[PDB]
Structures are given as C-alpha cells and as structure tokens.
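# Structural description and commentary
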Amino acid sequence: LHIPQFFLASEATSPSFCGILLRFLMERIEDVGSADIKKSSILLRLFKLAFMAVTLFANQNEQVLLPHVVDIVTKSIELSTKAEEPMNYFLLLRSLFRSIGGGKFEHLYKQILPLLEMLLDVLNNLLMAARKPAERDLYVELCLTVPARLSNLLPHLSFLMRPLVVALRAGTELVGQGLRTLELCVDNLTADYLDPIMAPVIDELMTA
Amino acid sequence: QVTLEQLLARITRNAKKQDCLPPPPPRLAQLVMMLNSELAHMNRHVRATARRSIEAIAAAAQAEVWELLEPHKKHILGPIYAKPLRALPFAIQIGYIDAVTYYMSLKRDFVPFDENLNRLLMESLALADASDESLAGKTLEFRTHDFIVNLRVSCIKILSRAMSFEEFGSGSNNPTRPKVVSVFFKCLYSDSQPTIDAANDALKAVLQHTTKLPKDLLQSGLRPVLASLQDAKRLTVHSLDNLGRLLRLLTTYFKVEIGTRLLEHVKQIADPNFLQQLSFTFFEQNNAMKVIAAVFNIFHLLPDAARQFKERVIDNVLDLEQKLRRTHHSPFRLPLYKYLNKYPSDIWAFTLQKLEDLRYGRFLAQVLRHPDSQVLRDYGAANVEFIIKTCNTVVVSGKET
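As summarised from the PDB record, the model derives from cryo-EM at a stated resolution of 3.5 Å.

In structure tokens:
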C-alpha cells in the first residue's frame, strides 16, 4: 500500500494517479459493505488515500474529485440499505467529510443537503446504542460536519438541534464540536430569528 | 414478506375455486378482498406484495386472477374516478396510475373504455407532456426530481398499454395517437435514464405493432436530432446519444453521408496545437475527447453501407493516437473494437492485404487480445490456412521485408 501512497504524496504525479485510482475505485464501490474484513479494509484505505491526496494539493486535485463527489454520496446512501455491513458506507462518508473542510468548490455541487440531513436524523433516531453508543456518535459527527457554507446552512438549521443536544452529553471531541457550533450560531444570528428554532430543545440544551 | 409467503402457502393447502369466491362461508373470500384493497397503496412494496399474494392464491386454487378480482373491481375503481388526478400529491397519483395499469392488463374487457377512462388517459397525457418547472417547480431537490421522474414513467407506461388497444383513439380520429407518439419521442430525448428506457420500450413496441409509419410523423420525430448535427462547435454528447438511440430504433430509415459529415466534424475538432497541449496530462476526462469518442461510437450502429469507412476510421484513430503519444490504450479503442467486430471478413482481408507494414499487424494483434474480440478470433481460427498461405507467398517472393 505504500506505493500508491508515495505516488499520491509526490507533487509531480499526484493528479494523474489520483484520477486513475478514483476511476478504478468507482467500479468496486459496491464491495465496501461486503462483510469480509479483508476485502473492505483495503478499499476503505484506498479511498482514504485518495481523499488525503485531494486535501494535500487543493488547487490541482479538486478538479479531479469534482466529477465523482455526487456519485459517491448518492451511491453510498442508496447502497447502505441493502448491504451486509451498512456502516462502512458511513465510515467512508466520514473520511470524505473530514478532508474538504474549509474552502472548496464542491460546496456548490452539494445541493442535496435536505435529503442527507433528513436521512442522518432518521438514522440517529432509530438505532440501538449497539457496540456502545458509537453509531450515534458517527451519525452525530456526520450531522455536525456536513460540508456547506453557513449561509446555505442557515435554513435547515432545525436539522441540527437534536444532534447538538446529543453531542453536548458525550465524549470530549463531540462536546468541543457542539460548543463550537453553538457559539457560531449564537454569534452569527439575531434573537428573534434563533429563539424559535431552539424552542423545541431549549430546556435540554440549557440543562446540558 | 417471507413470513407472509409461508403463511399463505400453509393456508391454501387444499384450495378450490368455490372457497376463493363469494357465495352464489367461503374461506378465502375475505382474504382476497383484503389483499385486493391494497393494490392502489402509496407504497410500491405494498402493491408488489399484494399482487404477489393474489397471484399465489390464484395459482393454488387453479383459477384466473381476473376471475378472483372481478367481484371487487368497483372498490378500487370508484375512488380513483371520483377525484381530479391533477390535484393529488405525487405518491397518490403514482399509486392510482399503477393500480389502473395493472387492472387493465388482466383481460381485454376488464376495464371498459367509458368516459372516466378517457378522461384519466387525457390527464396522464397532459402530465407526461408537462415540464419540470410547471410540475410544482424543480428546485434541484433530490426528492422532487425523483417524484417527477417516477410520475413520468408511470404515465408513459399507462399510455403505452393503452396504445395496444385498437379502440383507443380509433373512434375519435383526432390527434390522439399522433400526440402519444410525439410525447414518446419527446421523452426519448430526456436527461433521465429511467424515462429514457421506458420511452424506448414503448416506442419499439408501437413500431413493431404498427408495422408502418406515416411520413410526416417520422419527419417530425427525426427533425430535432438532425437539427443539432449541423455545426461542429455545437456538437455535444447528448445529441450523439440521441442519434444512436434513434439509429438503434429505426434501423432501415437513415441514409449515408452522415458518417462523412461526422468525420469532417472530428477532423475539425482535432486541432494540432490543441492535441499537443492536451498531451502531458490525463486527457481521458476532457470534453473534446469525449465528443470524439461519442462520434466514433455511432459507426457500429449505422447500416451495412458503413462498411466502406473502415480504412478512414482506422487511419483517423492511428493518427490521433500518434499525435497524443499513446499506445495500447486510449478512449477511442472501445468503439473502434465494437465497429471492427461486425465485419470480420472485411477487416481480415484488409489487414492481410498490408502484411508488409508493421503498423497494421501490430494493431490487429492488439485488437485480437481484447476479451470481447471473439468473432474475429473465430474467423482467424477458420482462415489460419489463408493467413499462412499469404505469409508463405510473401516470404517466397524474395524481398527484404
């Protein structure tokens, strides 16, 4: 696995190898939820390497990733319903979201925010804690780090209320993320607009 | 669903037609009524389960589905005809249209062609003829787009089923059937794959059934595709895809010189400086290369008269590859292989005619090694004797090559 990593880290060859690897991976995307650990671990690692390569050289590799982003998101969401291990398709989405935080171009291509947020809320709502309440943590992190600009996230802000309350009573990382988000919302809004949004969960919010 | 299957299998062990029908009590009459009541639900899985269960019950009792569902057809038909189809939400409309389509397939006379059915069919035609912006506005949202696509598919399916009935539109003589065909053609050029497939199936079925086509209707259908093929700068992949679909549908309708015009367009697009700059990078994702590949993709769909462009296309592809410094691989190899695999005798004869040249035997060997080049391999296996004979003639001729 070091050979792809070495090729992706080098400035000269990173774009072409990233494109070739992405084209290859979008044909095997259906094996991510195969329930065989050896088959899925390698695919997930390859996807992670490609996304990190995109992160390293933003001004060169963003155009390589642009064609595939909508396909990746939609296919993951659609395939997770029939897979043997459907959590892999959300580990992949976590890897993707952790790499494009900041300022990019694909925020414009992301115009499926309501669908993704509604799906994440439904998944968060109906799930036994499972292997420790870790699925809840995964879905909350996916909710609180969706790639978008605050202006486009101002609507659909009621989709972040329950995950925020869930995050304010969790480990250190989620607590910090929730505090960051709440401070941002308080600083970048007016009371007459924000209070109605927070009314449904305000008691639990202040108690937490 | 599995539990329901097992229960139904168990309870119909010794079924008979008398028990599955109301008396002139019957065990399965209530069950059949309840299952039939769910055929117009707003959930597609529910409808599929209900129809599967009804078919399973009918098979066990050795009866016909129309026989079982005849008594209760009103319970489903009455509510559908009682409201205007244009005011309901998307899911209810889709369920209603699917229910009517399934009901009018059990037998020819199951659903009479009364005023209500005609009004429903006109509403379906109007819906299929509408625009995304008109249908509540397309905000680019995923769910609204999906609902619109599903509604269009359902409308196309119901209209296609109505086409099969010689009564529909015959007694009117008004532009109903021509309008249906025009709507089908308009849908065949959309940007959505499911509607494209539905329209293609409907059009091929209607073409097979009619066996003939008025000249004016086909001219109207074919005008839009040929309109956009008159300018190199405006050529796009979608237009070429539409042309390919039409060529696949109407086989013996098109004419020659379209391939020559396409080759002229290809020559125009392939600028030397443009290719020189396109080298040094992964050009597989460029738009111009995609357009060139789309143009080359058509030649395997044209009628047999296209067989005379083999040398031109091979030379074009080889020159393009030479300009880009590529070997063994390029976006143009797959359509070229598809085209060459249709004329094994011609390609083999042409290649053997130029055995002395090293630039063509290499290309043919590369072609044969692809997994999909099976007919060519069969022809070569058959004519290995001719191949060896010509090679022996060349070697015995006494030259330095």
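Once that is clear, we can look at the overall build of chain B. A tally of regular secondary structure across chain B gives 21 helices and zero strands. Since a compact globule built from 401 residues should have a radius of gyration of about 21 Å, the 29 Å found for chain B marks it as more spread out than a globular shape. For chain B, the C-alpha atoms occupy an extent of roughly 100 × 50 × 45 Å along the three principal directions. Burial statistics for chain B: of 401 residues in total, 44% are counted as buried. Total accessible area on chain B is roughly 22500 Å²; 55% of this is exposed by carbon and sulfur atoms.

Turning next to the overall build of chain A. Summing up its helical and strand segments, chain A has 14 helices and zero strands in all. Traced from its N-terminal end to its C-terminal end, chain A shows the element sequence α-α-α-α-α-α-α-α-α-α-α-α-α-α. Against the 2.2 N^0.38 benchmark of 17 Å for 208 residues, chain A shows a C-alpha radius of gyration of 18 Å, consistent with a compact globule. Here the C-alpha coordinates of chain A stretch approximately 55 × 35 × 30 Å along the principal axes. Here chain A holds 208 residues, and the buried ones make up 40% of them. Contacts in chain A between residues far apart in sequence, at least 24 positions, make up 68% of those at least 6 positions apart. Split by element, the accessible area of chain A, about 11500 Å² in all, is 59% carbon and sulfur.

All names here are of chain B. Enumeration over the complete set of coordinates arrives at 18 salt bridges over all chains. Of the charged contacts in the structure, one is a salt bridge between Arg307 and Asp304, with a shortest N-O distance of 2.4 Å. For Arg307, a relative accessible area of 30% corresponds to the partly exposed category. The exposure class of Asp304 is partly exposed, given its relative accessible area of 43%. Linking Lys310 and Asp346 is a salt bridge whose minimum nitrogen-to-oxygen distance equals 3.3 Å. Of this pair, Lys310 sits in helix α16 (residues 310-324) while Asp346 sits in helix α18 (residues 344-352), placing them 36 residues apart in sequence. What makes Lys310 partly exposed here is its relative accessible area of 21%. Overlapping salt bridges, with partners in common, bring together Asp304, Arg307, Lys310 and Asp346 in one network.

Glancing now at the interface of chain B and chain A. Tallying the contact residues gives six residues for chain B and ten residues for chain A. Interface of chain B and chain A: buried area, both sides summed, is about 770 Å²; carbon and sulfur atoms make up 67% of it. Of all residues in chain B, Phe142, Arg143 and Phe282 of chain B bury the most surface against chain A, accounting for 65% of the area lost on that side. Across the contact surface, chain B and chain A share zero residue pairs in polar contact. Among the residues making up the side of chain B that touches chain A, the classes are represented as three nonpolar, one polar and two charged.

On to the packing of helix α2 (residues 14-28) of chain A against helix α3 (residues 37-56) of chain A, then. Residues and elements named next belong to chain A. Contact geometry of α2 with α3 gives a least axis separation of 10 Å together with a crossing angle of 145°. Once α2 is placed against α3, the crossing between them reads as left-handed. The residues of α3 that touch α2, namely those facing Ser14, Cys18, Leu21, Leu22, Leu25 and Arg28, are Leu43, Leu46, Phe47, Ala50, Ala53 and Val54. Tallied by class, the residues present in the contact of α2 with α3 amount to ten nonpolar, one polar and one charged.

Residue and element names in this part refer to chain A. A cluster of nonpolar side chains, namely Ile3, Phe6 and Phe7, defines an oily patch on the protein surface of about 330 Å² accessible area. Within the element layout of this structure, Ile3 appears in helix α1 (residues 2-9). Residue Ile3 is classed as exposed on the basis of its relative accessible area of 60%.

Now for the packing of aromatic side chains. Residue and element names in this part refer to chain B. As enumerated under the stated definition, the model contains twelve aromatic pairs over all chains in all. Their ring planes at 80° and their centres at 5.8 Å tell us that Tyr339 and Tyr343 sit as a pair that is edge-to-face. The buried category is assigned to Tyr343, whose relative accessible area is 9%. Cluster of aromatic residues (ring-pair linked, three or more members): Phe299, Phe309, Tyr339 and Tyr343. In this structure, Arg51 packs its charged tip against the face of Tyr102, placed 5.1 Å from the ring centre. Note that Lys73 overlies the ring of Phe110, its terminal NZ or CZ placed 4.3 Å from the centroid.

Before going further, it helps to examine α3 of chain A. Its 20 residues place the ends of α3 of chain A 28 Å apart at the C-alpha level, agreeing with the 28 Å of an ideal helix rising 1.5 Å per residue. Every buried residue of α3 of chain A is accounted for by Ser40, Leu43, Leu44, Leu46, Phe47, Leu49, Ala50, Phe51, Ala53 and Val54 of chain A.

Turning our eyes to something else, we now look at the nonpolar core. Counting residues in each nonpolar core, the largest one holds 127 residues, and the members touching the most others are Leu68, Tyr103, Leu203, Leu246, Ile292, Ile314 and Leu340 of chain B. For this core, the leading source of residues is helix α8 (residues 142-163) of chain B, giving ten residues. Discounting residues that sit within four places of it in the chain, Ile314 of chain B has contacts with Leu340, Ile347, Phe350 and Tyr360 of chain B. Grouped together as the second largest cluster of nonpolar side chains are 43 residues, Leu21, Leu25, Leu79 and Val146 of chain A included.

Bringing the side chain of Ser34 of chain A into the picture now. With respect to the helices and strands, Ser34 of chain A occurs in the loop between α2 and α3. Apart from the residues lying within four places of it in its own chain, the contact partners of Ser34 of chain A are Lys39 and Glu84 of chain A.

A word on unusual backbone geometry. Residue and element names in this part refer to chain B. Look at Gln62: it is not a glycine, yet its phi comes out positive at around 55°. Position of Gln62 relative to the elements: it lies in the loop between α3 (44-61) and α4 (65-69). Given a relative accessible area of 67%, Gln62 falls into the exposed group. Even without a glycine there, the phi angle at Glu257 is positive, about 80°. Relative to the assigned elements, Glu257 resides in the loop between α12 (237-249) and α13 (258-269). Among the residues examined, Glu257 registers a relative accessible area of 37% and is labelled partly exposed.

A few words now on the environment of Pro133 of chain A. Here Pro133 of chain A lies in the loop between α8 (113-125) and α9 (134-144). Along the primary structure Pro133 of chain A and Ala170 of chain A are separated by 37 residues, whereas in three dimensions their C-alpha atoms are 9.7 Å apart.

Next up on the list: the environment of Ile158 of chain B. Residue and element names in this part refer to chain B. Within the secondary structure layout, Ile158 lies in helix α8. Taking relative accessible area as the criterion, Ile158 reaches 0% and is therefore assigned buried. Put simply, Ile158 and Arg86 are 72 residues apart on the chain and 16 Å apart in space, counted from C-alpha to C-alpha. With sequence-adjacent residues up to four places away left out, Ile158 is seen in contact with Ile97, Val100, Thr101, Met104, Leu121 and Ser124.

Reading the values: rules and limits
- Residues numbered from 1 in each chain as written, not as in the entry; some residues may be left out.
- Chains lettered and ligands numbered in written order.
- Part of a larger assembly, values for the part shown.
- Heavy atoms only, no water.
- Helix = DSSP H or I, 4+ residues; strand = E, 2+ residues; numbered from the N terminus.
- Rg over C-alpha atoms; globule rule 2.2 N^0.38 Å.
- Buried < 20%, exposed > 50% of the residue type's maximum accessible area, 1.4 Å probe, protein only.
- Areas by Shrake-Rupley, 256 points an atom, 1.4 Å probe, with all protein chains shown as cover.
- Contact = heavy atoms within 4.5 Å.
- Salt bridge = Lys/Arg side-chain N within 4 Å of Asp/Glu carboxyl O.
- Buried area = accessible area lost by both parts, 1.4 Å probe.
- Polar contact = N/O pair within 3.5 Å; in protein donor to acceptor, adjacent residues only side chain to side chain.
- Nonpolar A, V, L, I, M, F, W, Y, C, P; charged D, E, K, R; others polar.
- Axes fitted to C-alpha atoms, helices over the stretch in contact; angles between N-to-C directions.
- Left-handed = near helix turned anticlockwise from the far one by under 90°.
- Patch = residues over 30% accessible without salt bridge, like charges linked within 9 Å, V, L, I, M, F, W, Y side chains within 5 Å.
- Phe/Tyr/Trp six-rings, centres within 6.5 Å; stacked < 30°, edge-to-face > 60°.
- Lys NZ or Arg CZ within 6 Å of the ring centre and 35° of its normal.
- Expected span 1.5 Å × (residues − 1).
- Core = buried A, V, L, I, M, F, W, Y, C linked by side-chain atoms within 4.5 Å.

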